[PDB]
Amino acid sequence: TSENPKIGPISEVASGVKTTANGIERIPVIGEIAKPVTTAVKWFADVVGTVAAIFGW
Amino acid sequence: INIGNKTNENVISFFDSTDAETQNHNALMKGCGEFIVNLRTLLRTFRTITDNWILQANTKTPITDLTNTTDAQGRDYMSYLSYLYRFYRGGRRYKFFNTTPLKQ
Amino acid sequence: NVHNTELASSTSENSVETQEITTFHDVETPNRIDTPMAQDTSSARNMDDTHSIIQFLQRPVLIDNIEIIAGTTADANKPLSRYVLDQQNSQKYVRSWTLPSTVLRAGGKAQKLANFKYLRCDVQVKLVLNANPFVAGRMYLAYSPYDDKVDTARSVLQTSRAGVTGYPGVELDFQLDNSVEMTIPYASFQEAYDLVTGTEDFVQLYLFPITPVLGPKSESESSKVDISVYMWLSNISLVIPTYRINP
Amino acid sequence: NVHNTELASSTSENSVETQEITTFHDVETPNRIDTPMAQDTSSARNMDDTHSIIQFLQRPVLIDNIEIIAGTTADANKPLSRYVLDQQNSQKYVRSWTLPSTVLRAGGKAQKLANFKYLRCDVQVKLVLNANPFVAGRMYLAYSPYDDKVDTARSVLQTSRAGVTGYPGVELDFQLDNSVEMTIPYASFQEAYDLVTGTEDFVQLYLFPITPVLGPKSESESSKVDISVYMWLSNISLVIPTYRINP
Amino acid sequence: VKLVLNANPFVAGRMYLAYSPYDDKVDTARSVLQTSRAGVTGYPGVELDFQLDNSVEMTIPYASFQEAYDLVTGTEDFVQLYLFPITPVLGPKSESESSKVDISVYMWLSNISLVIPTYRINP
Amino acid sequence: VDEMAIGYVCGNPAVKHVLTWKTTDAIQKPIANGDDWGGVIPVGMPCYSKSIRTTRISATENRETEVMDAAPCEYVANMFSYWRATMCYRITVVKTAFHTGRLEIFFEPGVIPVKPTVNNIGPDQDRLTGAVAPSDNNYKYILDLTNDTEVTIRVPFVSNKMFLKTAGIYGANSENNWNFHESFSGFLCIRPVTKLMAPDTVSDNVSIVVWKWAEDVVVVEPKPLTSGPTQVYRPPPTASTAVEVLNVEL
Amino acid sequence: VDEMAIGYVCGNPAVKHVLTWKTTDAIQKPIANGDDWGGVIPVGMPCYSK
Amino acid sequence: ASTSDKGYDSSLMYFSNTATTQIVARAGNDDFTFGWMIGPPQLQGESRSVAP
C-alpha cells in the first residue's frame, strides 16, 4: 500500500499510538513500542513457552 | 478598573493563513523527502567521535580511555544530546574503521 | 498541435475585451501564448490573505500622543470656563484634529487612495489613556462639524461649558475607562468626499478638560496623564478612477 | 436612556478586539459613542464598485511605444543572424523589458503594493501593432527567464536564429495579427516575490525581427511599423505587511 | 516542596525555583550554576511572581538511579534545589522603611515505601 | 512522557530577555536598557546573541572565543541545517498593582536593522524610532498594564523560503553577516505607546521578561551548518586560562 | 432618529456644575467652592445662572 | 559521574596485535535512550586569535 518500485522496501515495521508525532501533546512511552513483560520479546517468549532451544537442543 | 494584578492569558496568533501542520507536510515533500520527528532516532545513526585514534601493539585498551575524553566535547549526537538529559539506559554500538599503514 | 510557441492564425473579427477599465477593440482576436497547464508558483496564498483596498483603510494608525503634566502653568490643563464673554476668552482645548484630512495623510493611507476621485468613510476614533491610580480627572471628546466653516458664534470654542458638552461626545474618566471609541459619520453635505482638488476640512475633533488633572502635590514625581490617539475609516466606497492627485 | 452623549460606565473586563491587524487589549471594554441609527452619506455606492487591490493591479498600462521606419541604417531593423560566432556579434533585438520590475514601477502600481512584502503575479503582456497594408514583416516576441543571471552561453542573445525562436514566444505578422497576448508565469525559484530590499530581475522579455520591414522603396512617405506595449498582472497574492519600501 | 511568599503591594519581583538532579555529582560544565540565564530557566521549575502567586508547590520525584534510597551507611545527596532571582527586588527608593520579600519553605514526603528492618543508623 | 520528541524538547520555555522599562524612556522607541538586543527579539528558532571571551596567548596577541546562550529550542536547531517552526513568545511584565502603562509588540518581517561590529552583531535602535519606523502597517498587539500582565504571541512561519538556515549568530560580524539575516524572517519590537505611569511610592522600574519556545517544528538535514563542530562550552576555572579548540582536519 | 422631538432635544445632557469638595470643608454645609450657585442646584427646566 | 560504586555495567575493551590507528563511530543500540530532561548548557563559536 506504499508506492515504491523496489520490491519490499526495508525493515518491517510495528505499530504505535494515535496522535500527531510532533506538536506538544505529551506522547506516552509505553504506547510507542508494544513489548511489555509478555509473549512479545522472544526471549521471555522462549521460556513461558519453553521451546527446545533454551535447553541447548 | 479595580487595583490588583491579574491573569487570563491572551494567546494571539498573527497571520491567519492556513493550519501549519498542512504547510509543514507540504514543505517536506519538496525539500527533504524525510521527516525527523524524534531525537531518539539520532542516537541510532553512527557519527564519528574521532578521526585518528592511535594505539600501541599488544595493549588492552578500554574505550573509556577515549569516551571519557569525548563525552565532554559534545561533537557527536550521544555527547551533544546528553547535556539535555540526566539518565540513560541501553547498550551502545561501535565501528572501528581501519586507517593503518599495514604490512603484508 | 505544436508546443511552446504560437503562429499567425487569422481568427475571427471579435474580442472587444475588457481588463476591468481598458478595452481593447482588436479588429481580430489576438493569438494567445500562455503556460499550457498552470501550477503557478510559491505558497503566498498559504501565508495570509490578502488584503483588499477597503480593508487596508480600516487599519488603525498613531496620529497624536498627548502628555499632560500637572502642574500646570500651560493651557491644556486649563478646564472649560463657564462662560465666554468675548472671542479672546475662547474655550481652551487639549488638542484639535481636523477630519478626514488627518487620517488620510497619516499611516500610508495616501498611497492607497491616490488615483481615485470620490470617497465615503466614517472616521473611527479610539483614545487610549493610562494614568497611575493616584491621579484623577475627567475629559470630554466632542466633535463639531463645520466648526471652521460656520460663523464664529456658531462654533464650539465660542460657547459656554454647558454648550460645549451638549455636542456629540463621550466622557473620559481617568479611573473608570482607559479607552473610549467614537464613530464620526459621513459629515459632508455633498455626495462622496472629493479627494482631488481641495482640502475639505468638514468635521473638527476636539478634546476638552472638564476638571483639571487631580494629582498629588508631591513634585519631582510627575503626576501625568499620557493620552494616545488611534483613527481609521469604515463604511468605505472608493469609486471613480482619475490620473490626478492633490498637492 | 440619554441621547447624543456617553458617560463612564465601568463595563466588563474583556474586548481583546481586532481591527484586522491591530489588537487592542483594553482592560475593560471601551464605551462607544456612534450615530444612533445610521443612514450614512452620498451615493458613492451607486456610481461604481469598488475596486479592490488585486483588481487595481490588473489594469493595463503603457510601457513602451516602438516606431520602426524602414529604412534602416539603425539596429532595430537588423534581423536575426543565422549564427553567433562571438559575443561581439550577439543577436540584435528591437527592445528588451526586464520583468516584473518594469510593470511594478509604471502606471502607479508602486503605491498600491507599498507596505507589503511578498507577491505572486503573472505578467500579462499585450502588443498592439498597426501598419498600412503596403508594408509586410514578421517579428517574434520570446521571453528568456534568468537571461541576465545565467552564464553568457546560456543566454538568448548568444544563440543562433533557430535557437532564439525555440524559446516560448509568438509570431507577430504585420498583416495577419495586429495584436498578440502572452502570459508569463511566476518565474521565480523561491516562494512569493520579495518586494522590499532588492530588485529581482527574473525574466527578460525580448522582441526580435525575423524578417526586415518590407516597405516600398518610395522615400519621403515613411513606411512604418509603430508597435505599442501593454502589461498588467494576474493571479495576484499580496500577503505580509511591513513598514519598509525599497529605494 | 511548598514556598510561602509575602510582600507588601508596593514591591515587585520575580524568582525561579528550579531543581538540578545530581548537580554536585556531575562534571562542572553539566551543572546549573555553570550555565547561562536561558539554560538555568530551562530546568524543571516554577515562576514565583511577588504579586501573582504568594505560594508555589512542586513535586520532586524519586531521583535515584538505584532501587529504594539507602538510609544506612551514606549521605546520598541526589537532587539539589535552588532558588534564583530572575529580576531584582523592585522596591521604592524610600529608605528606613524596609522593602522586603520574606520567603518561607515547607517540605514533606509522598509516595512512601519503607521496607527492610535493620539495627543500624548512620552517624 | 517521551522526553526526546522534538515537540517536547522545543516546547520547553526559556527566558531570553529581562528588560528594564524606566519611567524616563521615551514613547515609540524600543526598550533598550540592561541586556543586549534591547526590545528587538529576532523571531526564529536559532540563536542570535553571543558573548566574546578574550584571553591572552602572548603580550601582543589575544585569543577570542564566542560563547552562545542557548534555549532548549536553540540548542536543537544547532544540530541541523535548516528549520521551519511556529515560534511562540510570552511577554510578561514584572510590576506592582500601581504601575500602569501601555506596550506595543509589532512584527516586522525580513532583514533586521543591525549594527555589525568588528566581532559581533548588535541591533540598531536609531532606525526603529517612531519617526523613521512607523508601526501603522505591522501586525501589532497593544498590551494594557493596569491589571493584565502576560500575553502569548504565536508567530507562524512566514518567508519566501521553504526553510530558513540554522546558522544564526555563529561567526557573524561585519565581514560576514549574510547567514544571520537568512535565519529568522522577522523581529518582534517592543515599544511603549504610553510612557510608564508610576507613583513615587513604588519603584521607578518594571521588568519585561520574555519567554521563548516553539511549536510545529520541522528540521531538514542532520548536519550542522556551522563552520566548526557543535562544541559545548565548558567554562574554565580562572579567567586567565584557556578552552578546548576542536580542529577540522581529518 | 427624529432629531427635533422635544423628547430627543431635552434628553441631551449637559454639565451645569463642576464643584470642588476639599478635605477642609465642614460637614452639613453646602459645597460652595469654585463655581457660582455652589452645591445648590435649582430643580427646573429654565436657566438660573447668568 | 556517580559515587565510588564502580563497575556496575559493562563496556568494551579493545585489543590488536599491531599498532593501529582508527576512526571510531558510536551509536546506541535498539534499546538505547536518554531521559529525565534538564535545560541546555552554553555553546562555543569560533576562535579567531585577533591581532591585538
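Cβ: placed from backbone, ideal geometry, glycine included. Neighbour counts: every protein chain shown. Here, each number is a calculation from the coordinates, and none is a lab measurement.
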(request) Please enumerate the residues belonging to the stretch A:31-46 that are over 19 Å from A:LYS18 (Cβ atoms) and of a type outside the set (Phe, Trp, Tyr). (result) A:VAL37, A:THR38, A:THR39, A:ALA40, A:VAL41, A:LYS42, A:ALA45, A:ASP46
(request) Report yes if D:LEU207 is under 25 Å from D:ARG59 (Cβ atoms), away from chain C (no Cβ under 13 Å), in contact with a strand residue (DSSP E or B) (Cβ under 9 Å, 6 or more places away or on another chain) and not polar (S, T, N, Q), otherwise no. (result) yes
(request) Evaluate the stretch F:216-223: report whether one residue or more is under 21 Å from F:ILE41 (Cα atoms), surrounded by 22 or more Cβ atoms within 10 Å (Cβ to Cβ) and within 14 Å of chain B (Cβ to nearest Cβ). (result) yes
(request) Can you tell me which residue within the stretch C:91-138, out of those that are more than 13 Å from chain F (Cβ to nearest Cβ) and basic (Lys, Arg), is surrounded by the most Cβ atoms within 10 Å (Cβ to Cβ)? (result) C:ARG120
(request) Sort out which residues of the stretch B:49-67 are within 30 Å of E:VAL40 (Cα to Cα) and within 14 Å of chain F (Cβ to nearest Cβ), and write them in order of number. (result) B:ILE49
(message) Residue pairs, Cβ under 7 Å, 6 or more apart or interchain, first in the stretch F:49-69 and facing chain H (nearest Cβ under 8 Å), second exposed (fewer than 12 other Cβ atoms within 10 Å of the Cβ). List them.
(response) F:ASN62/F:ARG56; F:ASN62/H:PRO52; F:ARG63/F:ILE57
(request) Determine, yes or no, whether C:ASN14 is out of contact with any helix residue (DSSP H, G or I) (no Cβ under 9 Å at 6 or more places or on another chain) and facing chain D (nearest Cβ under 9 Å). (result) no
(message) Condition first: more than 13 Å from the chain's Cα centre (by Cα) and either farther than 24 Å from E:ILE121 by Cβ or in a strand (DSSP E or B) (or both). Now tell me which residues in the stretch E:68-88 satisfy that.
(response) E:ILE86, E:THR87, E:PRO88
(request) State yes or no: is F:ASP148 buried (at least 19 other Cβ atoms within 10 Å of the Cβ) and part of a loop (DSSP other than H, G, I, E, B)? (result) yes
(request) Take C:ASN65 and decide whether it is crowded, with 16+ Cβ neighbours inside 10 Å and in a helix (DSSP H, G or I). (result) no
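A quick yes/no check of all residues on (1) touching a strand residue (DSSP E or B) at 6+ places or on another chain (Cβ under 6 Å); (2) under 30 Å from F:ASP148 (Cβ atoms); (3) of a type outside the set (A, V, I, L, M); (4) surrounded by fewer than 21 Cβ atoms within 10 Å (Cβ to Cβ):
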| position | (1), (2), (3), (4) |
| --- | --- |
| F:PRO13 | yes, yes, yes, yes |
| F:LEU19 | yes, yes, no, no |
| F:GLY34 | no, yes, yes, yes |
| F:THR54 | yes, no, yes, yes |
| F:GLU61 | no, no, yes, yes |
| F:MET68 | yes, no, no, no |
| F:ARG84 | yes, no, yes, no |
| F:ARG90 | yes, yes, yes, yes |
| F:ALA97 | no, yes, no, yes |
(message) What's the number of the only condition in (1) over 30 Å from B:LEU28 (Cβ atoms); (2) away from chain H (no Cβ under 14 Å); (3) touching a residue at least 40 places away in the same chain (Cβ under 8 Å); (4) not aromatic (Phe, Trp, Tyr) that F:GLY34 fails to meet?
(response) (3)
(message) Within the stretch C:39-56, does at least one residue satisfy the condition of being more than 9 Å from chain D (Cβ to nearest Cβ), among the hydrophobic types (A, V, I, L, M, F, W, C) and part of a loop (DSSP other than H, G, I, E, B)?
(response) no
(message) Residues that are touching an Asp or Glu at 6+ places or on another chain (Cβ under 6 Å), away from chain E (no Cβ under 14 Å), surrounded by fewer than 17 Cβ atoms within 10 Å (Cβ to Cβ) and not hydroxyl-bearing (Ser, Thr, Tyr): does the stretch H:18-27 have at least one?
(response) yes
(message) When the residues of the stretch C:223-247 are narrowed to those that are outside any strand (DSSP E or B) and buried (at least 19 other Cβ atoms within 10 Å of the Cβ), which ends up farthest from the chain's Cα centre (by Cα)?
(response) C:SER223
(request) Kindly indicate whether C:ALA76 is crowded, with 17+ Cβ neighbours inside 10 Å and within 30 Å of G:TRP37 (Cα to Cα). (result) yes
(request) Filter the stretch D:174-230 down to residues that are within 30 Å of C:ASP49 (Cβ to Cβ), polar (S, T, N, Q) and touching a residue at least 60 places away in the same chain (Cβ under 8 Å), then give me how many there are. (result) 2
(message) Filter the stretch D:148-193 down to the residues that are part of a strand (DSSP E or B), surrounded by fewer than 21 Cβ atoms within 10 Å (Cβ to Cβ) and of a type in the set (S, T, N, Q) and list them by number.
(response) D:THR183
(message) I need the full set of residues from the stretch B:33-44 which are touching a helix residue (DSSP H, G or I) at 6+ places or on another chain (Cβ under 7 Å) and at the interface with chain H (Cβ under 7 Å from one of its Cβ atoms), in order please.
(response) B:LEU43
(request) List every residue pair whose Cβ atoms sit under 6 Å apart, with the two residues 6 or more apart in sequence or on different chains, where the first one lies in the stretch C:23-42 and is closer than 16 Å to D:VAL123 by Cα and the second, anywhere, is aliphatic (A, V, I, L, M) and surrounded by 13 or more Cβ atoms within 10 Å (Cβ to Cβ). (result) C:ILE33/D:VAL170; C:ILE33/D:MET182; C:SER42/D:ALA192
(request) Please list, ordered by first then second residue, the pairs with beta carbon atoms under 7 Å, 6 or more apart or interchain, first in the stretch H:7-19 and at negative phi, second among the polar types (S, T, N, Q) and loosely packed, with under 11 Cβ neighbours inside 10 Å. (result) H:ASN17/B:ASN58; H:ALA19/B:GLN56
(request) Scan the stretch E:65-90 for residues that are within 12 Å of another protein chain (Cβ to nearest Cβ), without any contact (Cβ under 8 Å) to a residue 24 or more places away in the chain and in contact with an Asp or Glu (Cβ under 7 Å, 6 or more places away or on another chain) and report the count. (result) 2
(message) Looking for something farther than 29 Å from E:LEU48 by Cα and within 15 Å of the chain's Cα centre (by Cα) - is there at least one such residue anywhere in the stretch F:80-102?
(response) no
(request) Within the stretch D:171-204, track down each residue that is farther than 30 Å from D:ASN246 by Cα, within 8 Å of chain C (Cβ to nearest Cβ) and of a type in the set (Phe, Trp, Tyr). (result) none
(message) Which count do you get for residues in the stretch D:143-170 that are within 22 Å of the chain's Cα centre (by Cα) and either under 22 Å from D:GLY71 (Cα atoms) or more than 9 Å from every other protein chain (Cβ to nearest Cβ) (or both)?
(response) 8
(message) Condition check: within 14 Å of chain C (Cβ to nearest Cβ) and part of a loop (DSSP other than H, G, I, E, B). Does F:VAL193 satisfy that?
(response) no
(message) Just to check your reading of the model, which residue among A:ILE30, A:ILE24 is among the aliphatic types (A, V, I, L, M) and exposed (fewer than 12 other Cβ atoms within 10 Å of the Cβ)?
(response) A:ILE30
(message) I'd like the full set of residues that are part of a loop (DSSP other than H, G, I, E, B) and crowded, with 20+ Cβ neighbours inside 10 Å, limited to the stretch F:99-119.
(response) F:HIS99, F:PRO109, F:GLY110, F:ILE112
